[PDB]
Amino acid sequence: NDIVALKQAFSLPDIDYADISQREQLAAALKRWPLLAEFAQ
Amino acid sequence: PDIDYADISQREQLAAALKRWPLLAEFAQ
Amino acid sequence: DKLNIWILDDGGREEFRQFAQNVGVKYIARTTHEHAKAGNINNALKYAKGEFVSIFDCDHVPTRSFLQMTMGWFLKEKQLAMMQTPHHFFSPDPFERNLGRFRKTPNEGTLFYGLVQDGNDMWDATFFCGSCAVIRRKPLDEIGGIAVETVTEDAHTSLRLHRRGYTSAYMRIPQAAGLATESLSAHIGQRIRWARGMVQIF
Amino acid sequence: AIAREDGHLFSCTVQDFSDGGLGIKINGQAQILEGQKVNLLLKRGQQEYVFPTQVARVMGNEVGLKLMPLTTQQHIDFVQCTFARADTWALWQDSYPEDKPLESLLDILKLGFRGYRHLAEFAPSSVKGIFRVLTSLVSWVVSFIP
Amino acid sequence: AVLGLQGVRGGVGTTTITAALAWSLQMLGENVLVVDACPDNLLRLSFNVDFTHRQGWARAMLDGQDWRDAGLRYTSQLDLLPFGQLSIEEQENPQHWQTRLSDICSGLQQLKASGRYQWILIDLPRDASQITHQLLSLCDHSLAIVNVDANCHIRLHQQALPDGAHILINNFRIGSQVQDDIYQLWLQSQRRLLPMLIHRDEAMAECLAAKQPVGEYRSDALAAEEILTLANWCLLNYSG
Amino acid sequence: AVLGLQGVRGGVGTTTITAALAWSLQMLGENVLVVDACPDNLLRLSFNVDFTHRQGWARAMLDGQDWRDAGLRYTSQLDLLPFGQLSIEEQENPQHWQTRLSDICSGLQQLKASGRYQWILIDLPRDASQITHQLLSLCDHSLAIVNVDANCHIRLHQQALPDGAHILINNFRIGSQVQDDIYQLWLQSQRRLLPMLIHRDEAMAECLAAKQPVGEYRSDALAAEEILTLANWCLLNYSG
Amino acid sequence: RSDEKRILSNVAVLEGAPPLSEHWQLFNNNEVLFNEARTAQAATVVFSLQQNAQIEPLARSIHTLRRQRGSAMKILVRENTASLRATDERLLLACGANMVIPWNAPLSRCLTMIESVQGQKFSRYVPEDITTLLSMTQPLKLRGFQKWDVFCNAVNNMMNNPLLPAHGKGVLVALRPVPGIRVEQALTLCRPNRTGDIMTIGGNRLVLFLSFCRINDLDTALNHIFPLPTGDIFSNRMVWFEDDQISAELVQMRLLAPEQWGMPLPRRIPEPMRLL
Amino acid sequence: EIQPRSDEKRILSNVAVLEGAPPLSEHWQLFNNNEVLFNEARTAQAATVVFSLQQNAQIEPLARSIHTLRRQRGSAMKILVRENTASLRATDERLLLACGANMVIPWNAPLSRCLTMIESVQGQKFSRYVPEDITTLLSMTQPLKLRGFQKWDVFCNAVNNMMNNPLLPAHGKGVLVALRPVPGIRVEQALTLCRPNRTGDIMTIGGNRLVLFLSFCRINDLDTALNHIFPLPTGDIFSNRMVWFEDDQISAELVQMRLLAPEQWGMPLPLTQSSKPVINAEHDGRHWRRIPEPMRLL
Ligand SMILES: Nc1nc2c(ncn2[C@@H]2O[C@@H]3COP(=O)(O)O[C@H]4[C@@H](O)[C@H](n5cnc6c(=O)[nH]c(N)nc65)O[C@@H]4COP(=O)(O)O[C@H]3[C@H]2O)c(=O)[nH]1
Ligand SMILES: Nc1nc2c(ncn2[C@@H]2O[C@@H]3COP(=O)(O)O[C@H]4[C@@H](O)[C@H](n5cnc6c(=O)[nH]c(N)nc65)O[C@@H]4COP(=O)(O)O[C@H]3[C@H]2O)c(=O)[nH]1
Ligand SMILES: Nc1nc2c(ncn2[C@@H]2O[C@@H]3COP(=O)(O)O[C@H]4[C@@H](O)[C@H](n5cnc6c(=O)[nH]c(N)nc65)O[C@@H]4COP(=O)(O)O[C@H]3[C@H]2O)c(=O)[nH]1
Ligand SMILES: Nc1nc2c(ncn2[C@@H]2O[C@@H]3COP(=O)(O)O[C@H]4[C@@H](O)[C@H](n5cnc6c(=O)[nH]c(N)nc65)O[C@@H]4COP(=O)(O)O[C@H]3[C@H]2O)c(=O)[nH]1
Ligand SMILES: Nc1ncnc2c1ncn2[C@@H]1O[C@H](COP(=O)(O)OP(=O)(O)OP(=O)(O)O)[C@@H](O)[C@H]1O
Ligand SMILES: Nc1ncnc2c1ncn2[C@@H]1O[C@H](COP(=O)(O)OP(=O)(O)OP(=O)(O)O)[C@@H](O)[C@H]1O
Ligand SMILES: [Mg+2]
Ligand SMILES: [Mg+2]
């Protein structure tokens, strides 16, 4: 909620935050567990 | 099932456990 | 894939080498120690291959949003060659620590990094302040790297970039916090170095 | 939140953090002693992270925690949950009180008086001692007679 | 409102969460009636009801009596309606009584219309029987209780949640990599996921052994505070 | 011969224990056939079967086909017979097919008399259905899976286990006081309790996500060793 | 010299694994192994500890081997089951064992450890008298509640013993009960199990001394002692585990006047209703 | 002799060795990493130095630091390595011991057993020989340096060269195992089903017999290696095995193997033939997963 706090504090209404750490963790998880990979795609 | 609650009060640890938790004591009477 | 972290060591310390090996970041320990931090950064540039170079001091910890809050303008202005970010100090400054007013009074440097640099932004005079900054490597290679003449190399290289036609920018949101000077003597010394460098540039 | 070795979890409010410790407040001092290991639960958004800790001080509601030797990933997570949060410094700067010239003058006057009292204890040139003590004496007498 | 709690599988914590939610709702000043629809009849024990107490609405309707006499008064703002004890023959032959319990739906509707109870919580099994479907249809809103594991990940992709039901996570553990991965996937794939989750707390395990709700047994436990958060969310979002 | 594993409560770990026990028995040199009698059809996913593989013995019998063509070979000494994916409508009204699955009893009798399989593990649900009763009737031995908690302690005093069943403990924690009390009480009171128990292991949590049995997923894990001990016990005691 | 490569070992050391080399001899129990090692000079002797009762005869055998045969011989004690305390391990090391291999280490770790001691000589001093080594296993011999003076005297006598490990004699703990329960109730909820554990009450504090307990393994001992979790009974905890700290705390505890001391003292029910 | 031993009781340990526990005595001095600890230990003479190992990348630098400490500060010192989570093979432990470490404490042993092992080494002098050149010790850690299938000639030569290296443990060089396939499948097919992971693992085909040499593998943990480099169920692909784990036995078996006629040697199947798997198993990266296949129950 840090980005939400920043948006509530100092404007920034159009900067869409790309959390690349979450995406990389999700990709590693999908690679690690074939069940999640099967259900996701 | 086979339940043997006879002579259950002859052990100190079991007595303490039955004192702590009313459910086990209720079943053991 | 597009982020390389380098640890530059002028002491040749093996603990830093092992730490870099353990965490997976790069490491450079130059054999000849000349021009101090400017020379270290130039030697690092001699090996690094990236469009942008971001310089961080040892005590300044960046937030995860730093690059996303900074890199937007570099893709919008092709003439931009330097972006600056405020310097925040979570450690109590000598005034704040000694006088007992830490969270009550504002810091000594928050007037500069809160209003003065924002004012310089309009006139395109936001100069490099050492840390919390990004420099495009293509303009920085034309000027011959970080200036090595004065003791305040950041202001000198920013002045050269402005004199070659490139612009500068400033972003107000504090995205990195460092350690303040641990004593009044340290503050006096760092201010003396800054003033000496500025008078040398003048 | 804090996790004990017997499996009980209790809520807490982190009040300060450092490189190797944290300070929390517990409403009622639920269950903690001055050497027990405790797992500390920190949330970055919707994700929760666990950090091993040892209790260093218990003074009622306030508890001091000392971080255990962390791995590299735990170090990264701790930095992302305490230091490298993109809300701490902005709100820190926005929480600075505004400028009140008269209150500022009063504070600076009190600071000068405090500095004089500080020099009323130690003295490089002994002679200055008496003069500083006299100044502080008269100054506090006047302060008592405003 | 009538709220029905169901789990995607047994052992997720639906009965414990039902008792805790009823206690938290009565702690905020809301009159609550808690109804057990699970034939196992385990919800009565969280409210200090004796095991030998065989009285309940299902046993009342299977003996020709009136099911209203089986209610219990735990506090001034909490009433309990046990299912009732079933013999081994009745447990192993569920087809001879599952069609005879349909009278509870009209009674529950009239209890809802009476207005005495501001909340009527129902603990529902997942036996895919007629009574479960009828009572789940009577529910204004419903919660789906899951744990973050592979079993629930498979089940959510192959079984139908109740219409409009929200997913509540119980038994959230510490230091489970697979749990973290599944939760990361659910934060994006699952839209009905509630923002609050219950943790794996020893207080929840001990509350049933002490025959008390977790809020009554241990008010400083994290599970009790999270159930209080759930109760506040239900007040703000499931009011009508 | 025929060993039916049934859980006193859902979520105890019957499916994962069944898959692990089959793997250990086939590692000991026994020909093993696993039958998934639970309609949820989750045992197949522990043997790397695709989620889109709808075939099974139950689906074949419902569609009128032959259930013998619904078998899957995992290793040379381990065979799998999935239940098969039922549609949503079939799950909503289980009474439309529960009486149409009687020939599986005769088929399992034929397989038992064939001698091709030395062990036939059956993963049974807990729904008091007629098919589950028949499958339990044809089972030579039974294993009741419990967790050390208040719920299973209550259930062991109010629901009838299959005759001759031995109780197996799963999800055993470290440093849980109420669990220790219940476990000591069971040691001094439960005559059918097996001397072996399985501790909560992250390997058992990750095996289903990796779509492998725990012995195949991680043979060095403690749960794998405990399952091997249980397999040795079954070979020494349940062989005849 | 001649039998340096030789490894005389018990059968149970290898959990069914074949003799790893030509230089291995496997024996049934640690008695024939002792007799065969008596003839050996620089071999490696790997004992095995199955049960607790074997420690004293094993200590005697190790003492005899390290006395009659010099520092060339390598003596290892491979523990196969959790049947050993820290004090027993110290005794075995003192009697002449190079090192004791824990049961946590699997076979491969044990074999690497056996390789570790090669080429090493036992330079530590082994006393001629064996009884003075066994006397160090348990020097207190006093259990349960003791009065303030008796407790202080016993702990002080233990601290002044020269034949005890430095800074590892025990742990002194002062427990302050939470408000609402007295110290006598805390004393009632306190059942030490070992012989060297003593407890006392004075000045709204419950003071424990756990013999040979280490500071790290203090919560485990307290969990064994108390029936309820430690943390719902007490508010604060003070610990002294170093000799100087324990002595200072004892000399600060003797200046407590009597009449401040202590001695042991000689749910909602739902009601039926009709719903309407 | 480094005659003076004034710090015989000082314990210089990495902060990670004490897993948050307070220093036991006034003699314990903690250090953040194993580089400040090495700097302080370069001045000690009889202290116990406890290093902490948490990654495999810091084994060679730790070996070099231990070597320098042992070759400069004499035999009175006590160097201990405390493995914390998992970082070591047997060969790495042998390298650390040969560099000058007194004892390597496994991660399985808890903290209390670690402390007792620390106190077990007191008063002891390191009497083993530490060579001046560290490169020889570092080369001893991997003497084969070729992975996968090899020709019968190359396999025999490599194994014999390993067995003839004097700077290696006796009867600890590796395991030579010959696998006879199940009658339903051939030997090249069995070759397709084996995926060695470590550098020193090699294999070859000849005379209807698959032979494997697993470098630095003990006999007691041969099944673990086979399970790692084959579809877990061994026995569905091989009938019986013959194992040689001693230098004389391995040499005699190699001599017997050299007598095989060249016409009975094997070659890997061409990559085009690698279309249908021999059995129902797939190698998705570095693991074997068995794919269920349809069958008819009888
Ligand atoms: N004063 C005191 N200290 C205590 C007590 N219980 C535990 N400790 C301390 O805690 C350490 C760990 O013991 P553990 O985890 O129970 O693990 C123990 C336990 O599994 C076993 N053990 C030792 N003595 C006995 C015994 O009399 N009975 C049983 N059943 N096991 C024992 O040996 C392990 C190692 O114990 P230690 O090396 O002695 O190291 C012990 C000791 O320092 C206690 O009642 N009094
Ligand atoms: N889990 C655990 N329990 C502990 C520990 N220390 C003591 N106990 C408990 O306390 C009981 C009495 O131990 P004790 O008075 O020291 O008297 C003990 C002691 O003198 C001796 N003993 C048993 N095991 C060991 C051992 O591993 N080492 C030594 N040195 N003595 C042992 O046998 C007596 C009877 O012991 P038990 O029948 O086992 O019964 C033990 C055991 O249940 C510990 O560290 N861990
Ligand atoms: N040639 C060969 N031998 C094999 C192989 N797999 C297992 N072994 C043998 O089996 C022993 C036990 O390994 P583990 O049970 O997997 O338990 C292993 C494992 O947990 C870990 N380990 C060692 N090396 C590695 C590695 O490269 N990667 C990982 N992830 N773990 C490793 O250390 C433990 C001890 O291993 P070691 O001391 O090396 O001792 C190893 C080794 O002698 C293999 O693919 N090739
Ligand atoms: N469980 C287990 N797996 C084993 C073992 N030996 C090999 N493997 C597997 O083989 C892979 C390749 O290891 P490598 O080629 O020796 O190359 C290895 C090796 O050079 C190094 N490494 C990792 N752990 C250790 C270790 O404990 N000791 C040493 N000396 N190297 C290690 O990292 C490389 C990559 O290893 P991973 O990514 O883990 O991936 C490892 C691991 O999955 C073993 O004994 N146990
Ligand atoms: N958050 C929790 N933390 C720890 N234990 C819990 C938690 N929630 C529930 N439990 C324990 O889980 C066990 C089973 O849960 P519960 O009694 O609620 O059954 P259920 O799954 O709702 O119903 P059923 O078992 O009839 O399908 C109980 O012993 C309970 O104490
Ligand atoms: N010993 C264990 N340690 C950790 N996780 C376990 C253990 N046993 C089972 N689990 C996990 O519990 C979850 C559910 O177990 P499982 O599906 O085997 O239960 P079940 O009784 O078959 O449930 P269902 O009623 O859905 O059929 C899985 O994610 C599994 O990995
Ligand atoms: Mg229930
Ligand atoms: Mg199941």
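For this deposition, the record names cryo-EM as the technique by which the model was determined and cites 2.85 Å as its resolution.

For chain G, the name recorded in the PDB entry is Cyclic di-GMP binding protein BcsE, with Escherichia coli as its organism.

Where the PDB entry is consulted, chain C appears under the name Cellulose synthase catalytic subunit [UDP-forming], with the organism given as Escherichia coli.

Caption draft 1: Structural view of the overall build of chain C. Summing up its helical and strand segments, chain C has 8 helices and 9 strands in all. The globule rule puts the C-alpha radius of gyration for 202 residues at 17 Å, and the 17 Å found for chain C is close to it. Across the 202 residues of chain C, 43% fall into the buried class. A separation threshold of at least 6 residues defines the contact pool for chain C, and within that pool the share at least 24 residues apart is 69%. Carbon and sulfur atoms provide 57% of the accessible area of chain C, an area that totals close to 11,300 Å². Computing the positive centroid from 25 side-chain charges and the negative centroid from 22, chain C places the two 3 Å apart.

Caption draft 2: Fine view of the interface of chain H and chain C. The interface is formed by 7 residues belonging to chain H together with 5 residues belonging to chain C. In this assembly, chain H packs against chain C so that about 520 Å² is buried in total across both faces, 43% of it on carbon and sulfur atoms. It is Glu35, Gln55 and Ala57 of chain H that lose the most area in chain H upon contact with chain C, and together they represent 62% of the buried surface on that side. Seen at the junction of chain H and chain C, the total is 0 salt bridges.

Caption draft 3: Unusual backbone geometry, seen in detail. Backbone geometry places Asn171 of chain E, a non-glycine residue, at a positive phi of 60 degrees. Looking at the element boundaries, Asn171 of chain E is found in strand 7 (residues 166-172). Phi is positive for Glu259 of chain G, which is not a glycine, with a value near 75 degrees. The residue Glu259 of chain G is located in the loop between helix 9 (243-253) and strand 11 (271-273) in this model. Judged by relative accessible area, which is 78%, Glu259 of chain G ranks as exposed.

Caption draft 4: Quick look at the site of ligand 2. Residues and elements named next belong to chain G. Taken together, the neighbourhood of ligand 2 is formed by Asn52, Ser83, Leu84, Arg85, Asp88, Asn193, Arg194, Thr195 and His224. At a separation of 2.9 Å, an oxygen atom of ligand 2 approaches a polar side-chain atom of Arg85. At a separation of 2.8 Å, an oxygen atom of ligand 2 approaches a polar side-chain atom of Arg194. In isolation ligand 2 has 780 Å² of accessible area, and contact with the protein removes 45% of it.

Caption draft 5: Quick peek at the pattern of salt bridges. All chains considered together, the criterion is met by 56 salt bridges over all chains. Taking the shortest distance from any N to any O, the salt bridge between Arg191 of chain C and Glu108 of chain C comes out at 3.5 Å. On the criterion of sequence distance, the pair formed by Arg191 of chain C in helix 8 (residues 184-201) and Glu108 of chain C in the loop between helix 4 (94-99) and helix 5 (112-122) is long-range, its members being 83 residues apart. Look at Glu108 of chain C and you get partly exposed, because its relative accessible area is 48%. For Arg237 of chain G, the salt bridge goes to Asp219 of chain G, with nearest N and O atoms at 2.9 Å. In this pair, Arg237 of chain G is assigned in strand 10 (residues 234-240) and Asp219 of chain G in helix 8 (residues 218-225), connecting sequence segments 18 residues apart. A single salt-bridge network, built from bridges that share partners, covers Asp2 and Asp19 of chain A, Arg64 of chain C together with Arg85 and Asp87 of chain D.

Rules of the game
Residues numbered from 1 in each chain as written, not as in the entry; some residues may be left out. Chains lettered and ligands numbered in written order. Part of a larger assembly, values for the part shown. Heavy atoms only, no water. Helix = DSSP H or I, 4+ residues; strand = E, 2+ residues; numbered from the N terminus. Rg over C-alpha atoms; globule rule 2.2 N^0.38 Å. Buried < 20%, exposed > 50% of the residue type's maximum accessible area, 1.4 Å probe, protein only. Contact = heavy atoms within 4.5 Å. Areas by Shrake-Rupley, 256 points an atom, 1.4 Å probe, with all protein chains shown as cover. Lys, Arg positive; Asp, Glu negative; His and termini not counted. Charge placed at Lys NZ, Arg CZ, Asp CG, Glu CD. Buried area = accessible area lost by both parts, 1.4 Å probe. Salt bridge = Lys/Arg side-chain N within 4 Å of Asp/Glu carboxyl O. Near = heavy atom within 4 Å. Polar contact = N/O pair within 3.5 Å; in protein donor to acceptor, adjacent residues only side chain to side chain.

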